Amino acid sequence: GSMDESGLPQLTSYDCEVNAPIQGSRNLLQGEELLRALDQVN
Amino acid sequence: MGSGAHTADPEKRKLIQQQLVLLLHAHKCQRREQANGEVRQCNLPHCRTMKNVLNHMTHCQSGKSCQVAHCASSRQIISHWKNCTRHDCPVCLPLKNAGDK
Ligand SMILES: [Zn+2]
Ligand SMILES: [Zn+2]
Ligand SMILES: [Zn+2]
């Protein structure tokens, strides 16, 4: 059975969506855009 | 459809902030070494780990259906933040209370 191990407190796609959703329609930043985007303070 | 219960625990919002802060950290943390040339791995399991998870996501075009929890999950975290606009952001609010000037 897929029993992947991990130490860092991980969250489920729901635990995130519920606590903070994107409002449908996947976000723009994902891979490299996430770094280019994350660096858009104000 | 899922269970159809619509759960919601604020006690976790704290964990969502740290992950959003560590990601924010790790984001600049990796940019802090470049300024100080070759630097040692800062004493922060969170950052270092995110640096690893970050490298993953950069090649995780799948997202959500990937093979890593911190990948897909982290993708939704940062994604929400930026995509978040004109709403009741419970995470972005406490992290950067900015909306009612
Ligand atoms: Zn760090
Ligand atoms: Zn992945
Ligand atoms: Zn938000």
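Criteria and thresholds
Residues numbered from 1 in each chain as written, not as in the entry; some residues may be left out. Chains lettered and ligands numbered in written order. Heavy atoms only, no water. Donors = N, O, S within 2.8 Å, 3.2 Å for Na, K, Ca; no water. Tetrahedral: all angles 85-135°; square planar, octahedral: opposite > 155°, others 65-115°. Helix = DSSP H or I, 4+ residues; strand = E, 2+ residues; numbered from the N terminus. Buried < 20%, exposed > 50% of the residue type's maximum accessible area, 1.4 Å probe, protein only. Axes fitted to C-alpha atoms, helices over the stretch in contact; angles between N-to-C directions. Parallel < 35°, antiparallel > 145°, perpendicular 65-115°, else oblique. Contact = heavy atoms within 4.5 Å. Nonpolar A, V, L, I, M, F, W, Y, C, P; charged D, E, K, R; others polar.

(A) Structural detail: the coordination of the zinc ion (ligand 2). Residues and elements named next belong to chain B. For the zinc ion (ligand 2), the full set of protein donor atoms is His-56 (NE2), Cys-60 (SG), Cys-66 (SG) and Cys-71 (SG), and the range of their distances to it is 2.0 to 2.4 Å. Each of the four donor atoms bound to the zinc ion (ligand 2) contributes to angles spanning 61 to 146°, and the resulting shape is irregular. One chain supplies every donor to the zinc ion (ligand 2), and in sequence these donors are spaced H-x3-C-x5-C-x4-C. On the criterion of sequence distance, the pair formed by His-56 in helix α2 (residues 45–57) and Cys-66 in the loop between α2 and α3 (69–83) is long-range, its members being ten residues apart. Exposure remark for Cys-66: the relative accessible area of 25% places this residue in the partly exposed category.

(B) Spotlight on the coordination of the zinc ion (ligand 1). All names here are of chain B. Around the zinc ion (ligand 1), the protein contributes the donor atoms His-25 (NE2), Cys-29 (SG), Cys-42 (SG) and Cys-47 (SG), at 2.0 to 2.3 Å from the metal centre. Taken together, the four donor atoms surrounding the zinc ion (ligand 1) define angles of 77 to 155° at the centre, an arrangement classified as irregular. Each donor residue of the zinc ion (ligand 1) lies on one chain, and together they are spaced H-x3-C-x12-C-x4-C. Here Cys-29, found in helix α1 (residues 13–33), pairs with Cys-47, found in helix α2; they are 18 residues apart in sequence, far enough to count as distant. An identical accessibility class is assigned to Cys-29 and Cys-47; each is buried.

(C) Molecular detail of the packing of α1 of chain B against α3 of chain B. Residues and elements named next belong to chain B. Across the interface, α1 lies against α3 with an axial gap of 10 Å and an inter-helix angle of 85°. Relative to α3, the element α1 lies roughly perpendicular. From α1, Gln-19, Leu-20 and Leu-23 reach across to α3, where they touch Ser-74, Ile-77, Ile-78 and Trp-81. Of the residues in the contact of α1 with α3, the class split is five nonpolar, two polar and no charged.

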